[PDB]
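First the structure, in the form of structure tokens, and then the observations on it.
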Number of protein chains: 2
Amino acid sequence: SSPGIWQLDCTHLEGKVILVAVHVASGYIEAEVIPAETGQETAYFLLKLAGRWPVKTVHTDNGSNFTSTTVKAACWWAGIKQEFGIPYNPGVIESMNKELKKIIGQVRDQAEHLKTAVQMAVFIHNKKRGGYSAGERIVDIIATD
Amino acid sequence: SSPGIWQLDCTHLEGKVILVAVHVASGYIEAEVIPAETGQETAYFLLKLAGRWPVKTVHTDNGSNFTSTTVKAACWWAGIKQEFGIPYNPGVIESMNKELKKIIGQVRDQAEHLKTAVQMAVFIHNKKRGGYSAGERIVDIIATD
Ligand SMILES: O=C(O)c1sccc1-n1c(Cl)ccc1Cl
Ligand SMILES: O=C(O)c1sccc1-n1c(Cl)ccc1Cl
Ligand SMILES: O=C(O)c1sccc1-n1c(Cl)ccc1Cl
Ligand SMILES: O=C(O)c1sccc1-n1c(Cl)ccc1Cl
């Protein structure tokens, strides 16, 4: 709902780790293939996200993701708080993650490296379209705000 | 001028390479520390950029940056053309690059890793403010378009 809310999770594919951020209000995605799930990678991703968009709160489906000193420090520096208004469903964000994995599978054979296929899939997801695309919606929501 | 125009260049610091993209109309920046200057890294950066913003043309101060088959293929896939309306000055974009290096130097001792300091500097640059910030201007320009 609020335009400052993002959700971050990781997904595994081909023995690699995909960090997926979803802007909750728009469905817009940013993603990165990272070598392993570590607090350092999560912290770095959060700082990059925060320099690009007005990130006020962040949610996740795996709370332990956010416990390291390194993540907390990135939080702290960028003024990011943890989001507590989205309950855990033992999910809309998890569906978009499954959609993204669907798109990855559909484009995977067109790229040599998984990391390329992920960015192809993000591009497809954000530009696909009343009826606007997620990329159009995020800029509208933020500009209006 | 046109909202689809970006400029990409590399900068060197501490034996590492910083790839800097500037949205020409707004002054908004995205940057990444990459291990070396290669066409693969440039291509990957361009795909990520293109999935996030409506990238129509790209300029650079080092034309040889864009000759590899890998960059051309990323171009091709994302529908990016080379920008030919910005002449080379043997520069506004080069000033912002120097501004960013100024900010990096000012925050460098607050982070262990250069890559963190770069993202701190991008955050500072994009959020600093009539009088709007570059981050505010890019979303306004794109939303209006
Ligand atoms: O580089 C640092 O000193 C800081 S300061 C706050 C987070 C980090 N960090 C990131 Cl981001 C990745 C690895 C580290 Cl350490
Ligand atoms: O192609 C589809 O059926 C759907 S459905 C939602 C996204 C996409 N998509 C893929 Cl996968 C590649 C290009 C597009 Cl558009
Ligand atoms: O992964 C690929 O097959 C393609 S397809 C077009 C560019 C690339 N690429 C990137 Cl992006 C980084 C390294 C490579 Cl290869
Ligand atoms: O601090 C300044 O003089 C300027 S001047 C332009 C940006 C900045 N800046 C830095 Cl460097 C850290 C925080 C800010 Cl704001």
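Among the residues of the range A:59-75, how many are small (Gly, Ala, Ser) and within 20 Å of A:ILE86 (Cα to Cα)?
2
Specify the residue that is farthest from A:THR11 (Cα to Cα); the eligible residues are those in the range A:111-137 that are more than 8 Å from chain B (Cβ to nearest Cβ) and touching a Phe, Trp or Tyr at 6+ places or on another chain (Cβ under 8 Å).
So the residue we want is A:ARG137.
Considering the range B:76-93 alone, what residues qualify as being surrounded by 14 or more Cβ atoms within 10 Å (Cβ to Cβ) and assigned to a helix (DSSP H, G or I)?
B:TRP77, B:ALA78, B:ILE93
Let's see how each residue does on (1) touching a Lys or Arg at 6+ places or on another chain (Cβ under 6 Å); (2) within 13 Å of another protein chain (Cβ to nearest Cβ); (3) charged (D, E, K, R); (4) within 16 Å of ligand 2 (Cβ to nearest atom):
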position	(1), (2), (3), (4)
B:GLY15	no, no, no, no
B:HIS23	no, yes, no, no
B:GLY51	no, yes, no, yes
B:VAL55	no, yes, no, no
B:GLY63	no, no, no, no
B:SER68	no, no, no, no
B:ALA78	no, yes, no, yes
B:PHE84	no, no, no, no
B:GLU99	no, no, yes, no
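Restricting to the range A:1-19, what's the tally of residues that are aliphatic (A, V, I, L, M) and either over 22 Å from B:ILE34 (Cβ atoms) or in a loop (DSSP other than H, G, I, E, B) (or both)?
Residues in the range A:1-19 being aliphatic (A, V, I, L, M) and either over 22 Å from B:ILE34 (Cβ atoms) or in a loop (DSSP other than H, G, I, E, B) (or both): 3 in total.
Looking at the range A:98-145, which of the residues that are of a type in the set (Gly, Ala, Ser) and assigned to a helix (DSSP H, G or I) is nearest to B:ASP140 (Cα to Cα)?
The selected residue is A:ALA143.
Among (1) within 16 Å of ligand 2 (Cβ to nearest atom); (2) closer than 27 Å to B:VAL107 by Cβ, where does A:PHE123 come up short?
(2)
Return only the number of the condition from (1) at positive phi; (2) within 16 Å of ligand 2 (Cβ to nearest atom) that A:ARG108 does not satisfy.
(1)
Condition test on B:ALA121, is it closer than 21 Å to B:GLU37 by Cβ and within 15 Å of the chain's Cα centre (by Cα)?
Answer is yes for this residue.
Which of the residues that make up the range B:75-120 are among the small types (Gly, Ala, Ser) and touching a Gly at 6+ places or on another chain (Cβ under 9 Å)?
Result: B:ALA78, B:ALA117.
Take B:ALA73 and tell me if it is within 25 Å of A:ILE124 (Cα to Cα), among the aliphatic types (A, V, I, L, M) and crowded, with 21+ Cβ neighbours inside 10 Å.
Numbers: within 25 Å of A:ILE124 (Cα to Cα): yes; among the aliphatic types (A, V, I, L, M): yes; crowded, with 21+ Cβ neighbours inside 10 Å: no.
So B:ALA73 fails the test.
Residues checked against (1) away from ligand 3 (no atom under 16 Å from the Cβ); (2) over 26 Å from A:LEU114 (Cα atoms):
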| residue | (1), (2) |
| --- | --- |
| A:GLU32 | no, no |
| A:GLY39 | yes, no |
| A:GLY63 | yes, yes |
| A:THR70 | yes, yes |
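Positions of Cβ are generated from backbone atoms using ideal geometry, with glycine treated the same way; all protein chains shown enter the neighbour counts. None of the figures in this text is laboratory data; all of them are computed from the coordinates on show.
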